[PDB]
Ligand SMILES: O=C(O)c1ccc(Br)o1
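Listed next as structure tokens is one chain, alone, in the form deposited without 5-bromofuran-2-carboxylic acid (14J).
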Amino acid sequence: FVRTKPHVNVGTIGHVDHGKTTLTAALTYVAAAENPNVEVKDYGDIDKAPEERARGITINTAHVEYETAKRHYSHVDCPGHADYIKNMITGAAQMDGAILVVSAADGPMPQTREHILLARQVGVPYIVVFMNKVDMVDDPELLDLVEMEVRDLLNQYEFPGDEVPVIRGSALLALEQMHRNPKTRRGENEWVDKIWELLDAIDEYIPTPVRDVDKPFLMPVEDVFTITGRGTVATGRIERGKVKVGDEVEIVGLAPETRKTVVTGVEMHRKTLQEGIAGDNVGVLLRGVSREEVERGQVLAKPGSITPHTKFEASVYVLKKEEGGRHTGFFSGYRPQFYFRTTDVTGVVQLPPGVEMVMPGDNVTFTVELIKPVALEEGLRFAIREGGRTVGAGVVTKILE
């Protein structure tokens, strides 16, 4: 992996079937007619898992690479199915900016809201909107109506909704055009120009993040698998610092105790790296651990730079039924799921002696006790889900134990 341009992590979010995967595929084809380094990815190359073919939806987050003239992108395509929100969050947790896909035909839908909300509670700082399937919507009035709703929906979850770029296009027709002529450059085709229009927005609207490569190494693990000839790979986006082959690193969280290992390889999009730095989306080849000894939700950290915790105080907003949350309140003993970056863990809600009940729409402080240790830190935003439903959004305010 030779690096020439700044690197940025983007991805696709939005409601089920709105066209996130098709857009992703389209992006690779369009980009590759300019930059020959870009490897094109077909629809089936992205939704490739047997279970994805079987069920006809995206299930796993896929990582595709493309590039523009200005920057190198790692793109994380997420599922929109309500049942795979867990995966969407882990994808979003790797994004420096997200492309919210919204179908012009259907308008914003329940996971349009939930994905914006969750993107925030995993720190996604910027959103561009791609209004898709415009080739099915003749009436300009609705298109304006759809934009209006999306811009306002973003304003609710504290995104500059009146400001975000909203690119109107058709992911399918661009992708069809690139299939008919892969050498199709900018300007020759109106649909392919809409993708360029999207690419331009990402280039200019989504800024390259400030990344501290001097702080202790920290990579939240998004995934773990086995490379047949090499070993166990933990993947993820390096949050800070650097990792080289030969470094001792600690696997932190989700197990009773931390374990140390030696990095024996580092790869970004299958091209081996010498070193991995903050921002990079890498695979870290770990030694002496099977894929049963590392998992999604743990972090790789500079040995002893991080202490996992189980108990904290949070400032929490409980969603209203209208925002897709609970219809009724909960008491102490409520045992929902908590999502921090790529981590997902059961915790126990313990309210203050005065507080007997927490109602939807309430802002409240309580203390949470997790059933496994996790890499936490003051100020870390998180999400609460339970019963296939996002119920709350909070932030750690004080680490207790």
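In case it trips you up, residue 1 is the first one in the sequence shown, and so on.
Keep in mind the form solved in complex with 5-bromofuran-2-carboxylic acid (14J) is missing from the figure; the text below concerns it.
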Check: Overlaying the pocket C-alphas and bringing 5-bromofuran-2-carboxylic acid (14J) over as found in the entry with it bound, would you call this site open, or blocked by 3+ ligand atoms sitting within 2.4 Å of backbone or C-beta?
Finding: open
Notebook entry, point to check: Are 240, 243 and 279 jointly within 4.5 Å of 5-bromofuran-2-carboxylic acid (14J) in the entry with it bound, each by at least one heavy atom?
Noted result: no
Item checked: residue 266, heavy atom within 4.5 angstroms of 5-bromofuran-2-carboxylic acid (14J) in the entry with it bound -> yes
Notebook entry, point to check: At the 4.5 Å heavy atom threshold, is residue 284 in contact with 5-bromofuran-2-carboxylic acid (14J) in the entry with it bound?
Noted result: yes
Note to self: Does any part of residue 230 reach within 4.5 Å of 5-bromofuran-2-carboxylic acid (14J) in the entry with it bound? Heavy atoms only, please.
What the structure shows: yes
Note to self: So, residue 225 and 5-bromofuran-2-carboxylic acid (14J): in the entry with it bound, are they within 4.5 Å at any heavy atom pair?
What the structure shows: yes
Notebook entry, point to check: 5-bromofuran-2-carboxylic acid (14J) isn't shown here, but in the entry with it bound, which of 230 to 238, 308 to 316, 121 to 129, 291 to 299 has heavy atoms within 4.5 Å of it?
Noted result: 230 to 238
